[PDB]
Peer 1: 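My questions will all concern the structure given below.
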Number of protein chains: 2
Amino acid sequence: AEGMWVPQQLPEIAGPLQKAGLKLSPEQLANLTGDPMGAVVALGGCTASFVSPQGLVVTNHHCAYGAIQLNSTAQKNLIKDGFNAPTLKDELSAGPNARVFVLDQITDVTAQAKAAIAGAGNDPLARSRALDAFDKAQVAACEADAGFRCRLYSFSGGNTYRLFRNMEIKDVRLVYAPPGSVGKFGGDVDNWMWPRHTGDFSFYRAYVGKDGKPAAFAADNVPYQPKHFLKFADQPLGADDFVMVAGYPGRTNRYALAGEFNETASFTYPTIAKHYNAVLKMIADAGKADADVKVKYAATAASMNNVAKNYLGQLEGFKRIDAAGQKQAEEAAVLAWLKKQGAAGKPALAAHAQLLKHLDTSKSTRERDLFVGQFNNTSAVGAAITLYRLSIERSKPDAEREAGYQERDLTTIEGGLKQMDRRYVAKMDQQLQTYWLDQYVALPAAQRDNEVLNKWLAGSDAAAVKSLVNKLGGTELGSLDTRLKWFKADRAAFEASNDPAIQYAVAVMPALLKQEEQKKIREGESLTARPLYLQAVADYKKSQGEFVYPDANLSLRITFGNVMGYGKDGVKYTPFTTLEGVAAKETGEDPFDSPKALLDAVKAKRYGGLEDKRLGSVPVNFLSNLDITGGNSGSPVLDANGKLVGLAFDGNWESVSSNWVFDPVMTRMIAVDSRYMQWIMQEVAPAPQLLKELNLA
Amino acid sequence: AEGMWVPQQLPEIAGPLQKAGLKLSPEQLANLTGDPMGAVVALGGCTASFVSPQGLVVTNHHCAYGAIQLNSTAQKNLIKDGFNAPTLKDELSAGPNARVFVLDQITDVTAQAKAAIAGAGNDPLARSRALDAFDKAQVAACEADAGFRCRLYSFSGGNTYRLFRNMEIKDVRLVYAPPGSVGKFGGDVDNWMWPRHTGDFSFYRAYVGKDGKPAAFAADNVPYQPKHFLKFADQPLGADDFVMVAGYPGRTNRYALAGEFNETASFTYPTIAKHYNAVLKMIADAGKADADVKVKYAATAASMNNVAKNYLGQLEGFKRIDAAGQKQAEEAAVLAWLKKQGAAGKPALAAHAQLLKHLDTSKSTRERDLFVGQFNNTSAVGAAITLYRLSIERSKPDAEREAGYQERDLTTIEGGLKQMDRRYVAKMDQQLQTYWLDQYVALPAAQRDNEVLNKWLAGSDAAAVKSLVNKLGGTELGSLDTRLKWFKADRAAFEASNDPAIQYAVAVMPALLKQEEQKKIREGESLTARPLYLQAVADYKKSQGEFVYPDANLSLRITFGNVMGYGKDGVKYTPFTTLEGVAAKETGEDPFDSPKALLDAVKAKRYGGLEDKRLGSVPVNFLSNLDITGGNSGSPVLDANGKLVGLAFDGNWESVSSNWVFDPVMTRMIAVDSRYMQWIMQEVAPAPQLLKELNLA
Ligand SMILES: N[C@@H](Cc1ccc(O)cc1)C(=O)N[C@@H](Cc1ccc(O)cc1)C(=O)O
Ligand SMILES: N[C@@H](Cc1ccc(O)cc1)C(=O)N[C@@H](Cc1ccc(O)cc1)C(=O)O
């Protein structure tokens, strides 16, 4: 079924859910801290779920990837080898910034947020500051009890605001990863593709202090005891079976204006794909010369591959469905429908006029901003900017500090500085600086008008770039101890440094703060017009019998439908893959280099009691017509009885343009079957202690 | 069904044909000069069929591509625009070397063949010379009547010989080609692929003189009047329907020795694919710079692309079915079975030992022979060699002239010199000479032992090559009128020439003639051993209840089966594509740039009365489990009643490895539906004159 339904829309999907084959009362799903919805957790960018009373958490391999990478070295490469913790004390910290978010409460604060905004009258900076102060005050009250972290969400272009309260678990440990040739079988070749044969799962365990409250890693921390956990399905999942997903999809753009879509299609997606593909080649070459570079940059390479291939898919998808035509036609239809209301339609038409005027004056600056932005987000330079910014914010009262730099953010900033140790190699960072400066100096003179960067380059050729990278080469910010000393330092200490990366951050900061202020003014201008125009689009869609649900915004959503394939002329994709398909893709070379134990078990048809007689093999991956996007990876796929039949992990090639224009015919979720997860843990990369804890052995 | 069945095996397949749904009696197909088999003609490398009483011939667009290319210029490009001849007088010569072969007679000459070989005694060179003499004598006799071309065919390793006698139509004219965007929709991307959306058809007409006998092109030649021609099918072709194909498969290797397969898999295919891919990039680059190069090298590019991609497909298919294992297992099974047969086994066991002995004599020279062979077959150099060779053979009695250099071959030699005019640009031929010379000079010293080439290079680097290419640029042989003079010149004129290409030819010729004698020796050593060992394999296969049929050898074969798709894990390929499938592949960029009229027609569901209600559209291509290979392109696909339902044109990706090891599961023929052919000539690239001639309007 189309739609990323908020839990508050359960009454509107209760009937469809039952019709599709849900056997739980839709009432049971409305208890968000209950069984089974209370078992679903946010990771921040990924979804997961509790699968044992001792705080065992299951998610995708690609979601645990960052944690696996932090614990990997060139000599002991857990990305390649996998990992298993036979006992609690074998579990590895997933890193200081790893989180498990357990939902505690949702509060609607729409009326209070709208009053905060209205209070600022016609002043857009005051409007931005008023919402910022409201967000901060809601969060501060909601976080007064230790161990909770709150987040304010804006829905439907600012027509609804809800405050979420989570128990914020901060000691997350790696329990189990399959080898990378299972976790990521087919690599970047099969990414965004069906047929799919990827064992995309891994396990964490949540921990808390001995006092029961969230704590950073400590030896005497103990496993979290969740109120609710999911059970692996005992009923074999088949074609046509009801499935549902709860999770945390990040962002969709289905309510974007036509001009927002056209800028993304014509500029953002092709441009990022081009540059990312070039940076990836540079990282791959560096990784061949030094495995330490390969391991340190593996999480960056995986993320950039995934984005660059996604963007290529979206561009092909837009042609497949004529997204530009569809956007143009719907936008024209909304304006005509508003014009038909006369008086009552004028405010939405005015709001549209206002939004339309924001949609440009980027043609001259967008390449500069991309290149300078990327340069500034290289490791040493970005650490310097973050560290200098923090020293500025610390001089203010906490409530006046920039979101991201408040007291509640300090342990996250520090964690970032710590994680950089496992994700930084000076010689690779120098190549990244050189790449992005090269693109900058190639811009026409009118466009290379970053005064500070022009001062530091003193030239616009390869020699000028080499001289600046050579100068920044002298930074001490590669040192974790130096970064942690700068974390505590005052503004004057930064301003006195002869560290070249620090000096660069000090020089660029005034211009960064002004560009940030202009951003907040532009945001404040939209806080009025965006909700009006998006409410009119939603009212129009409702008049056309179209499904009305908010764009994804990182909050909890429910999607549902059934196990089913899809088709193109001459081809029907079947809803399941099987063990034999994994072996048929074997090449003996990454990324089609399955573990020997897998090839041996498939050749022997060692099905481990998990064969689905309807397929004649153990299923591997399955297709369904659910509506998921980035953020949904690791979401539990539940059957009619609320049991875990798999994890969401990807979409097929034709699904990715549904970020902008939903296509029910060719949009499918790709999930890993819970039977494949068990079969891997039985026959290939054994986790006998996990199978015991999951009640599967 | 498996098998490329010779017409003499019709008794064996009589029952299977009936089981599969043939409504004609098998005896009707036994009549080779009768209806429908007498409608089936050879083009020499492609199949075709008569489709009107006025010698209208239908074949694939890729079979007619050479003819279309010959009639194309950068200004008037018939590959791109397509072609239609509204009247007999608008039809264009397909070129001097275009032919239609109409089967006159087949006679078995096995006994005489084997006697001729036995009679030479034991000298390998004598056995070869004796078979050559018998071939020439049987051909000379059979071709004494003015309008006939005959060919001796060796089957099943020399266990059977048959002489084919053909009426040789020497005036073939192009009547109709659709635009290249229909004829070759999807180009090299969709080549060897299902799903397929390619309208791969074109029409010729066969002309004779007013006396009713074959003539070269003349303005007062008239259409041939065939005794039999196929009728387009009136029954709509559906999934599971019986289909059959008669045609002229070139070469299969299913009876190859395990070592012949291992050399092909390990060296021949990967090496040719690598170098052809490199040359194709060069021709693409040169064609982009020069529209005259693009058109002149179109047919060469098309052919090299087809081989390179075929070879990459074969290598993948060998890995899919473990071809290396199957060859090893069969060979070992034959030898073990022969050792159980007592006295009966000893001649075949001894034959095997003789064959095994004369395999690997190449690992040393194979790279050199490939690169020098390719260099020698560049246009100017290859013309120089052929022309000097003819001048040498002319001075011999006809009967002692090398096959291909005899009286009966003169017209074909002269045709090639003329056709070169439309397929040569000096700067492109220089880049081809440079490419292949560059591969030669890269070889280790020990392997670079071509005496003449080393002398002409005077070096072993890019500069040496550039020096020799500069030298050869001096040639006159780029001029058609110069080539045709040399065609009639005697040996002494060649040996007197200071034209650097003639001088190169004169210089290599002694070493070429020795290499050719060593070839005939190697063929002579094999002429008794090969039949003995291949008869044992065939006897062993019969013992195991496997299908026994000869490897393709350019002679007429029958294959049959049913319209059916195929599958692999997660995917089922359906047996038909449809019009909407063509439109869905549209990018407006070559090779997915359909004619505006096709897109308009599809968008408007102008099905021109050709809808199949079971598909809900007009079918485009279809799949069937027939057994075809190179040479079968243009073959008519006949339904249960012997009516034309389409043309064979391709195989799916997994089919190509069946050249070496047949796989019934994933081997399919790809055919263009007779209704798509009608639909294009009605709604897109109109041919109202042909639609009437075919009785479809
Ligand atoms: N494409 C995946 C990431 C991935 C990469 C390589 C693998 O072998 C496996 C997974 C991805 O981005 N998944 C998203 C979820 C998602 C996004 C869009 C659509 O259509 C479906 C799923 C994620 O949250 O990581
Ligand atoms: N691959 C085709 C040629 C072709 C190339 C590009 C197109 O768009 C269409 C056709 C080809 O080589 N066809 C063969 C016939 C054939 C060979 C092997 C198998 O397995 C099936 C058919 C030909 O005779 O030209």
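Lettering follows sequence order; numbering is per chain, from 1. No hydrogens, no waters, no symmetry mates; every other heavy atom, side chains included, goes into these values.
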Peer 1: Sequence neighbours left out, what passes ring-ring contact (aromatic ring centres under 6.0 Å, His included) with B:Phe242? Give chain and number order.
Peer 2: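 For B:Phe242 there are no ring-ring contact (aromatic ring centres under 6.0 Å, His included) partners, ignoring immediate neighbours.
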
Peer 1: Taking side chain to side chain contact (heavy atoms under 4.5 Å, CB included) as the definition, give me every residue that meets it alongside B:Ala583, ordered by chain and number, with sequence neighbours left out.
Peer 2: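 B:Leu599, B:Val602.
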
Peer 1: Going by the rule ring-ring contact (aromatic ring centres under 6.0 Å, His included), which residues pair with A:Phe201 if we only count those two or more places apart in sequence or in a different chain?
Peer 2: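 Result, ring-ring contact (aromatic ring centres under 6.0 Å, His included) vs A:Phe201: A:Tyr176.
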
Peer 1: At a 3.5 Å cut-off, give me the donor-acceptor pairs between chain A and chain B, one pair per line with the distance.
Peer 2:
| residue | atom | partner | partner atom | Å |
| --- | --- | --- | --- | --- |
| A:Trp194 | NE1 | B:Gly570 | O | 3.1 |
| A:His197 | NE2 | B:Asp569 | OD2 | 2.7 |
| A:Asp569 | OD1 | B:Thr578 | N | 3.4 |
| A:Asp569 | OD1 | B:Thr578 | OG1 | 2.8 |
| A:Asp569 | OD2 | B:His197 | NE2 | 2.7 |
| A:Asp569 | OD2 | B:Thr578 | N | 2.6 |
| A:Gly570 | O | B:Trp194 | NE1 | 3.0 |
| A:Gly570 | O | B:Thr574 | N | 2.8 |
| A:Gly570 | O | B:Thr574 | OG1 | 3.2 |
| A:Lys572 | N | B:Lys572 | O | 2.8 |
| A:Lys572 | O | B:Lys572 | N | 2.9 |
| A:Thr574 | N | B:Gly570 | O | 2.9 |
| A:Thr574 | OG1 | B:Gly570 | O | 3.4 |
| A:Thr578 | N | B:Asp569 | OD1 | 3.4 |
| A:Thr578 | N | B:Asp569 | OD2 | 2.8 |
| A:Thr578 | OG1 | B:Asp569 | OD1 | 2.6 |

